[PDB]
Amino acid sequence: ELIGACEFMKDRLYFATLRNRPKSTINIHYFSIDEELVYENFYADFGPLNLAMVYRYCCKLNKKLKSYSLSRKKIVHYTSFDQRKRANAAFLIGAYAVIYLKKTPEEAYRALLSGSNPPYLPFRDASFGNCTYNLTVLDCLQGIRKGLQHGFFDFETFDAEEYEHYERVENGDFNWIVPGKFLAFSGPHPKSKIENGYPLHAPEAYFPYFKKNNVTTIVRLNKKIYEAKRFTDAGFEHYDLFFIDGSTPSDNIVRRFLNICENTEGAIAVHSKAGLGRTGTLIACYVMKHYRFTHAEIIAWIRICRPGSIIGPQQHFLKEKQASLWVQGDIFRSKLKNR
């Protein structure tokens, strides 16, 4: 009877791993999200679930915990022995514990290890290889805590419909990474059109949203297939900082990106081809410098906002650059005692 389950609220909230579907009783309400909140994969990546799915889980669970009909029951979030579903499910209840139960990531992860349960499978990147860089559930909970600490999301105001609308390719495939500062998107094409059923967006499709949300600057990181002047004519600044798909940026490119972003007060729309690897890597450099995220925290946060971001050697790159970016950030913030 709930043997091996992880206790998150005493005699009230549990997380369980179950081979077969349980049966709710007069004493226990079971629910699973494994078929409801489903990760959309690129290759063999399987999580973490994105920010809107974290939000939907917390909504679902808060409703259950306030419900009259369940008020007398133990609530059990269960998952299956599919370890990729189980990692995501553990991430969700851990994130709830951080956001709504005021536990630290360490306390939440300790609860997830409460029973005698097997370890949680680390998350992998969207690349075709294996090994490399393992992003654990704990890393993802640390990234949630840091995002919350610096106000990168607020579930009192989060607009899931907007997130789920604009993440789609038909609506421009973008996600905010840092509210009011960073939007990540896939690179516009020279003409808005459909091509083999795939929708293509010209730069002009973005002007209304960009203007309304204070996007002053476009940074392009991939090969040129549209004229930059189409943006600059419309009043946006535009910058090119090309580097090769799947590679790591030169010091000069990182330096130039940081100066561009530090010298505008508005938001920056950053794209590459998919807007995943190269875009995520340079945004992470800014966030590590100016908010002192660790490499694991920022890879987690950016992937929670925009799945598949930061790929292959870019992951180890952020770990190698962390110490220097943190120093640059301290030096930056010291020259600000007086602006």
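For every residue, the number given is its place in the sequence shown, counted from 1.
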Please work out which of 204-212 and 179-187 has the higher mean CA B-factor as recorded in the PDB entry.
204-212
If you take the mean CA temperature factor per stretch, which one wins between 139-147 and 108-116?
108-116
Based on the PDB record, which member of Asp251, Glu162, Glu156, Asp82 exhibits the highest Cα temperature factor?
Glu156
Highest Cα B-factor in the deposition, which of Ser24, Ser324, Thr17, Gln315?
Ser24
Within this chain's modelled residues, let me know which third the CA B factor of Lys229 belongs to: lowest, middle or highest.
highest
Please place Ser272 in the lowest, middle or highest third of its chain by C-alpha B factor as given in the entry.
middle
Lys193 - which third its CA temperature factor falls in, relative to the rest of the chain
highest
Could you say whether, by C-alpha temperature factor, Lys102 belongs to the lowest, middle or highest third of its chain?
highest
Name the third of the chain's ranked CA B-factors that contains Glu167, choosing lowest, middle or highest.
middle
